[PDB]
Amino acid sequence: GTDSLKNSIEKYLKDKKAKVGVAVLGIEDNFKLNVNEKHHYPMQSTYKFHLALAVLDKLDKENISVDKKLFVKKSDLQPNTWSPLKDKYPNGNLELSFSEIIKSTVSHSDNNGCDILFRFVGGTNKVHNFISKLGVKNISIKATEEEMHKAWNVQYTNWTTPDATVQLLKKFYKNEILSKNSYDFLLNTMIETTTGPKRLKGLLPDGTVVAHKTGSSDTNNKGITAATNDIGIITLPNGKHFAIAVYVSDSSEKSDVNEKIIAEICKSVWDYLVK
């Protein structure tokens, strides 16, 4: 039962030197599980999911095709950050579609793409309000990637509870947020995600569909990695779905262990739900 799975997870976490937030919500059925869920966890790149929702909603509502192109200035592509876009287009100063920018932002976690889209959409407070007005409490979106890169503590202003994340993912999945078209596009993009292959996906059978979004922080001079996260919707072998979110925060563990925590917890929920 849910209780026993939960006790298994808590016992697993006993000897891990990190503050680990877990939530699971069945999509089609009533399954629900929360562990350490009343803390505020730094989202890092996970909030590119939320940004993508606000962007596509804005494109939908204002009737703007995702094939329309922004001019991406050289200066939008900062060297001082994770950015496959910048490596693909080192000169910048070119026209890129919303589609290409979103795909790089979500599937490849582009930091520049993220901030290009915050600017397009009208800033962090626009996304913060958008998510809020969907009826999901306990998500704070306050800082761009550039803002977070300036100072360690800024990441903690972009925070969430893990149960708000899976409430949001479930709303998304049951297409309560977007048009059909934009829904399919974001969903595909999340399945096509290439980052964190040994996180949620790490110990599930080969080929399991995991539509997800990672996030990761740096480590400070005290050995603390603020955030090692993965959030997503996973397809069970009978075609049903669950939303899951895991936040490994303020960890003294090494990165292999931080990812393993996510993979093992996910594997434990998977095993329980398949039966």
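All residue numbers refer to positions in the sequence shown, first residue = 1.
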| query | finding |
| --- | --- |
| Mean temperature factor over C-alpha atoms, higher-scoring stretch between 75 to 83 and 154 to 162 | 75 to 83 |
| Selected stretch [higher average CA B-factor]: 118 to 126 or 173 to 181 | 173 to 181 |
| Candidate residues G232, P42, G207, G215, the one whose C-alpha B factor the record puts highest | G207 |
| Highest recorded Cα temperature factor - choice among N34, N63, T225, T46 | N63 |
| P197 - Cα temperature factor, lowest/middle/highest third of chain | middle |
| CA B-factor placement of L134, once the chain's modelled residues are sorted into thirds | highest |
| Relative C-alpha B-factor of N111, binned into the chain's lowest, middle or highest third | lowest |
| Within-chain third of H50 by Cα B-factor, per the entry | lowest |
| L13 - which third its CA temperature factor falls in, relative to the rest of the chain | highest |
